[PDB]
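Everything on this sheet refers to the single structure shown next.
Letters go in sequence order (proteins before strands), and every chain restarts at 1. Below, all heavy atoms of this structure are taken into account, side chains as well, without hydrogens, waters or symmetry copies.
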Amino acid sequence: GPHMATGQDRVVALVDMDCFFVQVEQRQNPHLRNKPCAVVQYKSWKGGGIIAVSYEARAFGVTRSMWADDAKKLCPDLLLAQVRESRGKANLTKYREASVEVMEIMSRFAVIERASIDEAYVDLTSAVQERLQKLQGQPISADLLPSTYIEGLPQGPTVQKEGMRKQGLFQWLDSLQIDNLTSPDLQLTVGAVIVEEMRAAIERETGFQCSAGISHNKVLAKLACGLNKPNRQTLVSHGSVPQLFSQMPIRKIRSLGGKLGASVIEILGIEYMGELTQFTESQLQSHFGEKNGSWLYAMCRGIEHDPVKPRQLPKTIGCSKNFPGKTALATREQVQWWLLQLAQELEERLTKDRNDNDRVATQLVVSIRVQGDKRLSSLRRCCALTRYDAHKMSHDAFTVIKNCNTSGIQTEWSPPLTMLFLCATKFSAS
DNA sequence: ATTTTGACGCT
DNA sequence: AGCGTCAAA
Ligand SMILES: [Ca+2]
Ligand SMILES: [Mg+2]
Ligand SMILES: [Mg+2]
């Protein structure tokens, strides 16, 4: 009752660029704008593997992970842009730089947590309080929320999408109590006003469109973001949670898309997130462990406490290449040549990182997979990273993996290597 | 033969 | 420290 916390203390947004790599290529090549297009890596094997797809192409059924030849079967007029290749491998530099562009715009508004190359969480609590004192009890106009959906509305006693959006927003604003500065729904609404402004700034200054979720925690912000894509934002209030969760498959909640979510479904015999409310915390802890149990118990009620971490920069810098099927590396020289290629790209990125962000990596992680191994990594070993020098780094990696060669012969490597991975970690200020 | 990434938990 | 899980374009 009067003491049960409700997790309404923060305003958190999640901003996710729409079909990010496609928008990077469409900005660069206007011929691709407003067309079914996709971004592909490599070209030789089945036309390349698709990694990003415009909404126009998704309408034909084109997806990520599809081979371009197969996507062309679904969408004969599909346009393709190829990821740059350098030193024999895919090079993602253009997209990393466009991402930095967007994160720097977002950082002007608030503390952000970089969640991936194209997504960031935003803690808007303080900015919301400032906007609320500036507003001075003034009602919030629908005009300040031109692309906002209110999850769960309209409800109760037009057939076009934008009509429904405005009806729901009108119901929400009609209800709002702008008299109380501590009102969580008012705080979320002001959050949404700020996110509209941030999204406008991103589009004005980069050309890129994005979607956003606004709620009281990261999990609900992330779920909200996906409810109305592309180029829209969705507010998920605390009161919307019971109905939203009553038909929400467990796997849709972040961290439950894999084995743990599968076990929640199997062990408890449920399908939707709301059904979790019928278990005690101790029951959930018994099945899924103390940490997971407590998390599930609060989450199914819409409550989560994971903070938006102040981290705008990635914590590791890695380079990896697969050598699938018959291309697996079977000679010592091949292995050394590819270690050099990886180390040269890594050196270039590390040097740029040191100049831009005043830090230096101190550990080099080398990972390999051998033909036959079921796991993603067959071997992970670390060593000192003392100089941003590709020849030294490639030598150190070879030194640390050379004992993996079963082969009795000199020049041959067995079992053949199907993957190489170099990752610089453990950054220190410089 | 999705590939190339990046964060975080367990022990 | 090394391994596993979950997620991203
Ligand atoms: Ca995206
Ligand atoms: Mg995303
Ligand atoms: Mg995606």
Which value, in whole Å, describes the distance between the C1' atoms of nucleotides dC6(C) and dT4(B)?
16 Å
Go through the side-chain N and O atoms of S286(A) and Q283(A) and say whether any donor and acceptor fall under 3.5 Å apart.
no
Between CZ of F21(A) and SG of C37(A), what distance do you get to the nearest 0.5 Å?
14.0 Å
Would you call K72(A) and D77(A) a salt bridge, taking side-chain N to carboxylate O under 4.0 Å as the test?
no
Contact class for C423(A) vs. all strands (heavy atom < 4.0 Å): base, sugar-phosphate, or nothing?
nothing
Sidechain-backbone polar pair: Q8(A) side chain, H238(A) backbone, donor-acceptor under 3.5 Å:
no
Under 4.0 Å, heavy atoms only, any strand: does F421(A) hit a base, just the sugar-phosphate, or nothing?
nothing
Atom CD in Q23(A), atom OH in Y95(A): separation rounded to 0.5 Å?
13.0 Å
Please name the pair of heavy atoms, one in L220(A) and one in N217(A), separated by the smallest distance, quoted to 0.1 Å.
N-OD1, 2.8 Å
In sequence, state the C-alpha distance, the side-chain angles, and the governing distance for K218(A) and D306(A), and then conclude on salt bridge (charged side-chain N to carboxylate O under 4.0 Å, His left out).
CA-CA 7 Å; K218(A) 293 162 71 180; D306(A) 186 22; 2.9 Å; yes
Does any residue of residues 65-97 of chain A have a heavy atom under 4.0 Å from DNA chain C, and if so, which ones, in number order?
none
Name the residue closer to the 5' end of DNA chain B, choosing between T327(A) and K291(A) according to the nucleotide with the nearest heavy atom.
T327(A)
Non-neighbouring partners of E271(A) that pass side chain to side chain contact (heavy atoms under 4.5 Å, CB included), sequence neighbours left out
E275(A)
Stems involving DNA chain B: give each as a range paired with a range, ordered by first number, where a stem means at least three consecutive Watson-Crick or G-U wobble pairs under 3.5 Å.
B:5-11 with C:1-7
Per-nucleotide protein contact string for nucleotides 2-9 of chain C (B base, S sugar-phosphate only, - none; heavy atom under 4.0 Å):
SSS-SSSB
Residues of residues 298-313 of chain A with a heavy atom under 4.0 Å from any atom of DNA chain C, listed by number, are none
Roughly how far, to the nearest 0.5 Å, is the CD atom of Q344(A) from the OG atom of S86(A)?
11.0 Å
Geometric cation-pi criterion, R58(A) with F60(A): 6.0 Å, 45°
no
Would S211(A) and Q233(A) count as having a side-chain donor-acceptor pair, cut-off 3.5 Å?
no
Round to a whole Å and report the spacing from CG of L420(A) to P of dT4(B).
11 Å
Is the phosphate of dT4(B) approached by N322(A) (side-chain N or O, under 4.0 Å from OP1 or OP2)?
yes
Does the pair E347(A)/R387(A) count as a salt bridge with the N-to-O cut at 4.0 Å?
no
Can you pull out the residues from residues 329-355 of chain A that lie within a 4.0 Å heavy-atom distance of DNA chain C?
none
Between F323(A) and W338(A), is the ring centre distance below 6.0 Å?
yes
May I ask you to test the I194(A)-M198(A) pair for a side-chain heavy-atom distance under 4.5 Å?
yes
When all nucleic acid strands are considered with a 4.0 Å heavy-atom cut-off, which category describes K326(A): base, sugar-phosphate, or nothing?
nothing
Is any side-chain N of the basic residue among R199(A) and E203(A) closer than 4.0 Å to the acidic one's carboxylate O?
no
Does a salt bridge link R359(A) with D353(A), judged by any charged N lying under 4.0 Å from a carboxylate O?
yes
